[PDB]
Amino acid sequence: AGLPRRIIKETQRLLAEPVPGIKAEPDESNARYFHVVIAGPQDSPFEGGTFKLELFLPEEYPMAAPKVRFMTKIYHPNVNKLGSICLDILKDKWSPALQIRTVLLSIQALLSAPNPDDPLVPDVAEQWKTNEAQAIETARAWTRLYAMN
(Lines of atoms letter the chains of each structure in order from A and count residues from 1; the text may use other names and numbers.)
(Lines give C-alpha, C1' and ligand atoms only; values in the text may rest on other atoms or scores of the structure.)
Protein backbone atom coordinates (compact mmCIF):
# COMPACT_ATOMS: atom_id res chain seq x y z
CA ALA A 1 0.00 0.00 0.00
CA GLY A 2 1.08 3.56 -0.66
CA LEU A 3 3.13 5.66 -3.00
CA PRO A 4 6.57 4.66 -4.23
CA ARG A 5 9.43 5.93 -2.04
CA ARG A 6 10.66 8.36 -4.67
CA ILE A 7 7.25 10.01 -4.89
CA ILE A 8 6.91 10.17 -1.11
CA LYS A 9 10.30 11.87 -0.95
CA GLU A 10 9.70 14.29 -3.86
CA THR A 11 6.21 15.14 -2.66
CA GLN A 12 7.73 15.89 0.69
CA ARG A 13 10.96 17.66 -0.28
CA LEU A 14 8.88 20.49 -1.70
CA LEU A 15 7.13 21.34 1.52
CA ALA A 16 10.31 21.15 3.58
CA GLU A 17 12.40 22.82 0.86
CA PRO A 18 10.51 25.02 -1.60
CA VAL A 19 12.20 26.13 -4.85
CA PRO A 20 12.86 29.88 -4.99
CA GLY A 21 9.96 31.62 -6.75
CA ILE A 22 7.71 28.54 -6.71
CA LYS A 23 5.00 27.37 -4.32
CA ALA A 24 3.14 24.07 -4.31
CA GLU A 25 0.01 22.74 -2.70
CA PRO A 26 -1.18 19.14 -2.76
CA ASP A 27 -4.49 18.40 -4.37
CA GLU A 28 -7.17 17.67 -1.77
CA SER A 29 -8.12 14.34 -3.40
CA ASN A 30 -5.24 13.05 -5.52
CA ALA A 31 -1.80 12.37 -4.01
CA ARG A 32 -0.04 12.60 -7.40
CA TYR A 33 -1.54 15.96 -8.38
CA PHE A 34 -0.18 19.37 -7.37
CA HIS A 35 -1.21 22.98 -7.73
CA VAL A 36 1.87 25.07 -8.34
CA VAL A 37 2.33 28.84 -8.50
CA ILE A 38 5.32 30.24 -10.35
CA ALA A 39 6.45 33.83 -9.86
CA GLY A 40 7.29 35.67 -13.06
CA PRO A 41 11.09 35.62 -13.24
CA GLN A 42 13.18 38.65 -12.40
CA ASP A 43 13.76 41.02 -15.34
CA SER A 44 11.17 39.26 -17.55
CA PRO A 45 7.88 40.84 -18.80
CA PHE A 46 6.23 38.33 -16.43
CA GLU A 47 7.91 39.84 -13.35
CA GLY A 48 5.43 40.71 -10.61
CA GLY A 49 2.89 38.23 -11.96
CA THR A 50 2.03 34.84 -10.51
CA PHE A 51 1.20 31.91 -12.81
CA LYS A 52 -0.77 28.79 -11.91
CA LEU A 53 0.64 25.51 -13.15
CA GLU A 54 -0.78 22.06 -12.58
CA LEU A 55 1.43 19.01 -12.22
CA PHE A 56 0.62 15.32 -12.31
CA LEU A 57 2.88 12.31 -11.68
CA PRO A 58 1.49 9.48 -13.86
CA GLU A 59 1.50 5.78 -12.96
CA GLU A 60 4.82 5.09 -14.62
CA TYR A 61 6.65 8.07 -13.12
CA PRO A 62 9.62 8.39 -13.11
CA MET A 63 10.00 6.26 -16.26
CA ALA A 64 7.25 8.44 -17.68
CA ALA A 65 7.54 12.23 -17.66
CA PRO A 66 5.52 14.31 -15.24
CA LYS A 67 2.66 16.15 -16.95
CA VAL A 68 2.44 19.91 -16.51
CA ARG A 69 0.29 22.71 -17.90
CA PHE A 70 -0.22 26.41 -17.24
CA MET A 71 -3.64 27.38 -15.93
CA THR A 72 -3.05 31.11 -16.23
CA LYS A 73 -3.23 32.66 -19.69
CA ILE A 74 0.30 33.73 -20.72
CA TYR A 75 1.76 35.34 -23.87
CA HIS A 76 4.87 33.29 -24.57
CA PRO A 77 6.05 31.64 -27.83
CA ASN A 78 6.45 28.28 -26.12
CA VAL A 79 3.12 28.12 -24.27
CA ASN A 80 -0.09 27.56 -26.20
CA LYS A 81 -3.64 28.86 -25.74
CA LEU A 82 -4.51 25.93 -23.48
CA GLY A 83 -1.37 26.31 -21.33
CA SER A 84 0.54 23.41 -22.83
CA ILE A 85 4.27 23.84 -22.53
CA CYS A 86 6.77 23.02 -25.20
CA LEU A 87 9.84 21.98 -23.27
CA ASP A 88 12.17 19.21 -24.33
CA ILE A 89 12.45 17.50 -20.94
CA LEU A 90 8.64 17.10 -20.81
CA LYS A 91 8.78 14.88 -23.94
CA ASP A 92 11.57 12.81 -25.58
CA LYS A 93 14.33 14.37 -23.44
CA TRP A 94 12.74 13.23 -20.21
CA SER A 95 14.88 10.89 -18.13
CA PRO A 96 14.16 9.27 -14.70
CA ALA A 97 17.30 10.91 -13.33
CA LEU A 98 15.55 14.30 -13.57
CA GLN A 99 13.43 15.54 -10.67
CA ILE A 100 10.31 17.69 -10.26
CA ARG A 101 12.48 20.49 -8.86
CA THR A 102 14.53 20.60 -12.05
CA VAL A 103 11.41 20.52 -14.24
CA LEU A 104 10.01 23.55 -12.41
CA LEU A 105 13.26 25.51 -12.67
CA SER A 106 13.41 24.65 -16.33
CA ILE A 107 9.92 26.12 -16.81
CA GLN A 108 11.08 29.24 -14.97
CA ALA A 109 14.07 29.36 -17.28
CA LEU A 110 11.75 29.13 -20.30
CA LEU A 111 9.80 32.12 -19.03
CA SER A 112 13.10 33.94 -18.51
CA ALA A 113 14.38 33.07 -22.01
CA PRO A 114 11.56 32.66 -24.59
CA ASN A 115 12.51 30.81 -27.73
CA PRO A 116 10.66 32.19 -30.78
CA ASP A 117 12.88 30.17 -33.14
CA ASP A 118 11.51 26.80 -32.22
CA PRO A 119 8.01 27.86 -31.39
CA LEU A 120 4.87 25.98 -30.26
CA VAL A 121 2.49 28.39 -31.39
CA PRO A 122 3.63 30.23 -34.53
CA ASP A 123 1.32 33.25 -34.09
CA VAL A 124 3.07 34.41 -30.94
CA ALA A 125 6.50 33.29 -32.15
CA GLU A 126 6.11 35.20 -35.37
CA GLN A 127 5.40 38.26 -33.27
CA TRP A 128 8.38 37.52 -31.04
CA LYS A 129 10.59 36.89 -34.05
CA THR A 130 9.62 39.93 -36.10
CA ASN A 131 8.51 42.50 -33.53
CA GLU A 132 10.09 41.36 -30.28
CA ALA A 133 9.63 44.76 -28.62
CA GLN A 134 5.87 44.63 -29.18
CA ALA A 135 5.74 40.96 -28.15
CA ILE A 136 7.47 41.74 -24.86
CA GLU A 137 5.04 44.60 -24.28
CA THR A 138 2.12 42.24 -24.99
CA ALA A 139 3.58 39.67 -22.56
CA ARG A 140 3.61 42.43 -19.92
CA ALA A 141 0.04 43.42 -20.87
CA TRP A 142 -1.17 39.85 -20.39
CA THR A 143 0.70 39.65 -17.08
CA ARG A 144 -1.26 42.74 -15.96
CA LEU A 145 -4.57 41.31 -17.18
CA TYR A 146 -4.30 37.71 -16.05
CA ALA A 147 -1.51 37.17 -13.53
CA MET A 148 -1.95 39.90 -10.86
CA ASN A 149 -4.85 38.26 -8.93
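In this text, residue numbers run from 1 along the sequence as written.
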property: Greater mean Cα temperature factor according to the PDB record, 102-110 or 45-53; result: 102-110
property: Of 91-99 and 111-119, the one with larger mean CA B-factor; result: 91-99
property: C-alpha B-factor winner, where the candidates are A135, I22, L14, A141; result: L14
property: Ranked against its chain, the third holding the CA B-factor of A1; result: highest
property: Record-listed C-alpha B factor of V68: chain third; result: lowest
property: Chain third (lowest, middle, highest) by recorded CA B-factor, residue given as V124; result: highest
